[PDB]
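Inspection log for the structure reproduced underneath, given as structure tokens.
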Amino acid sequence: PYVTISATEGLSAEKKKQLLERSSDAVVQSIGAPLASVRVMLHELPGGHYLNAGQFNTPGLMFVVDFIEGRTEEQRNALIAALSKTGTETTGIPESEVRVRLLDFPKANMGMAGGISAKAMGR
Amino acid sequence: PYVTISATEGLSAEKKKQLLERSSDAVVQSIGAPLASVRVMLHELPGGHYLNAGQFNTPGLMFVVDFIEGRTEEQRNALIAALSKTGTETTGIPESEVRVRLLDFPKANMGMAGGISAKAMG
Amino acid sequence: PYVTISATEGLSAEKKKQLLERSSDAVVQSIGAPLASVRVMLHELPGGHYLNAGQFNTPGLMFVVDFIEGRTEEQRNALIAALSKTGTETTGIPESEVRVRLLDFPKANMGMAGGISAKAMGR
């Protein structure tokens, strides 16, 4: 599971660490993914690089999760909710603004350690 | 709808401002999306971080749209055309080099305000 | 096709150069795509912006390939093989850590030169 986070700049180093750590925790508790398979990446949006509803310079925090298809609806809703709550508890940005997206991948398309697809592993 | 733009370094602040503003317009007018729901993000690619058909240091401008399933072909073709046109008008990079990608998300996978998906939102 | 590389900071200029050039070669050789169609983009992850299995400050190299639907499983496996191998040969990051993802696009979803889709071109 890949968690790619887009945040507007302004967070301290402490907040970044906490955001990524608790996001990883959120994935583990939501869909029961092993920690060894969880990765979080942070992309920071500089000033004027985020247009929100026609407004510049607004706080932003968006989650995108790349994962192998097959998760149940309950798992998806739990994942969206956990990451959204994590983001707000960490950054202070309300869930009304925080967004989370889920992207499905066929096992044949998800390469794994040693450079083979998840289907080849029969993951 | 999320519009994520990847552009090579070199643009002025004014053209950056122009790029995102008109990108927002392109979305509103192509698929009839409410302005309140339209977001545009910009990522700048430094020199040597963009390889174009074997060549480094060439101008780059690529659009990626993340949005919910259900749009007609006409809407989708219009969105691609409008973003391509917008990109050329604001940066000077010809539509021959400009690129637009679309991502369909099922309502079950697209989170909304309040940490709930579009499907659960009903 | 689009090859978007996410890599932790630390690579020299010449290694970044080889990585992009050989990732392009990997695409051309694996799926037989013309050189004129291959694009490679590099996103560099600063310190503390990549969490790997609960640990910060680890080397990271992740490939995401955005491309049109229709490629065979044979090509997909070969592409994942070529990029993973390229990633290690260039950066020195072992294939056990290197990751390659493949993302299918409907022909109507892939904009081409001139602001029309691949489907509109007749592909």
Side-chain angles (χ1 to χ4, degrees), chain A residues 1-5 23-24 26-41 62-84 99-123, chain B residues 2 4 64-71 101-112 115-121, chain C residues 1-4 6 31 62-81 83-84 99-110:
Chain A
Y2 303 85
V3 180
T4 303
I5 307 176
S23 292
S24 175
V27 173
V28 171
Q29 63 180 59
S30 298
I31 63 177
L35 177 58
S37 62
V38 181
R39 297 183 174 191
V40 192
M41 285 75 68
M62 288 152 286
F63 297 86
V64 185
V65 186
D66 293 24
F67 72 104
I68 294 177
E69 66 173 359
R71 265 76 183 196
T72 73
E73 286 200 5
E74 185 164 32
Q75 293 180 292
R76 302 174 173 279
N77 287 0
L79 180 57
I80 296 173
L83 285 179
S84 180
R99 294 292 191 276
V100 178
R101 312 200 293 277
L102 303 186
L103 185 59
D104 285 321
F105 283 82
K107 294 176 167 196
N109 289 8
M110 186 72 72
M112 311 280 292
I116 57 179
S117 68
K119 182 185 179 60
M121 289 181 52
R123 173 48 157 101
Chain B
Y2 308 84
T4 305
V64 183
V65 181
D66 289 27
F67 81 122
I68 300 184
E69 296 179 336
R71 266 71 180 205
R101 292 202 298 278
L102 308 183
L103 271 79
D104 289 323
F105 283 74
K107 289 172 179 173
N109 293 352
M110 180 65 73
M112 311 288 290
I116 57 177
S117 69
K119 174 177 187 148
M121 181 172 282
Chain C
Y2 304 86
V3 181
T4 307
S6 294
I31 70 180
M62 290 160 289
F63 297 88
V64 181
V65 181
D66 285 27
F67 76 129
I68 300 181
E69 61 171 353
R71 266 69 179 209
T72 69
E73 174 180 322
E74 163 141 336
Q75 291 172 329
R76 298 172 191 270
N77 288 329
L79 178 56
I80 295 178
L83 286 182
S84 180
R99 292 295 196 277
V100 182
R101 312 207 291 271
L102 308 180
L103 184 55
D104 293 324
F105 283 69
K107 299 173 177 300
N109 278 347
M110 188 64 72

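No hydrogens, no waters, no symmetry mates; every other heavy atom, side chains included, goes into these values. So you know, we letter chains A, B, ... as the sequences are listed, proteins then strands, and number each from 1.
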task = Quick one: list whatever passes salt bridge (charged side-chain N to carboxylate O under 4.0 Å, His left out) with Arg99(C), sequence neighbours left out.
result =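 For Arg99(C), no residue satisfies salt bridge (charged side-chain N to carboxylate O under 4.0 Å, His left out) once neighbours in sequence are set aside.
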ask   = Under 3.5 Å, is there a donor-acceptor pair between the side chain of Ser84(C) and the main chain of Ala81(C)?
value = no
Whether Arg71(A) side chain and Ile68(A) backbone form a donor-acceptor pair below 3.5 Å =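 Yes; judged by distance alone, with no hydrogens or angles, the pair exists.
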Which pair of non-hydrogen atoms, one from [X] and one from [Y], has the smallest distance, and what is that distance?
X         : Y         : value
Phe63(A)  : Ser23(A)  : CE2-OG, 3.6 Å
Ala78(A)  : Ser30(A)  : O-OG, 3.4 Å
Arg123(A) : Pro34(A)  : NH2-CD, 4.1 Å
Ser24(A)  : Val38(A)  : OG-CG1, 3.6 Å
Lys107(A) : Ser117(A) : O-CB, 3.6 Å

[X] [atom1] to [Y] [atom2] distance, which is reported to the nearest 0.5 Å:
X         : Y        : atom1 : atom2 : answer
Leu102(C) : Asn77(C) : CG    : CG    : 9.0 Å
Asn109(A) : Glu69(A) : CG    : CD    : 8.5 Å
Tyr2(A)   : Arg39(A) : OH    : CZ    : 5.5 Å

task = Take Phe67(C) and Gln75(C) through the test side chain to side chain contact (heavy atoms under 4.5 Å, CB included) and record every step on the way to the result.
result = CA-CA 12 Å; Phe67(C) 76 129; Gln75(C) 291 172 329; over 6 Å; no
query = Between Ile80(C), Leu79(C), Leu103(C), which is the residue that forms a side chain to side chain contact (heavy atoms under 4.5 Å, CB included) with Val65(C)?
reply =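 Looking at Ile80(C), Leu79(C), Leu103(C), the match for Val65(C) under the side chain to side chain contact (heavy atoms under 4.5 Å, CB included) is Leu79(C).
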request  = Using a strict cut-off of less than 4.0 Å between a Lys/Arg side-chain nitrogen and an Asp/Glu carboxylate oxygen, indicate whether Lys119(A) and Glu73(C) qualify as a salt bridge.
outcome  =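 No, this pair does not count.
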inquiry  = Just to verify, what does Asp66(A) make a side chain to side chain donor-acceptor pair (under 3.5 Å) with, not counting sequence neighbours?
reply    =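 Here the qualifying residues are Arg101(C).
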message = So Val64(C) and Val3(C), do their side chains get closer than 4.5 Å, heavy atoms only?
response =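 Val3(C) vs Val64(C): side chains apart.
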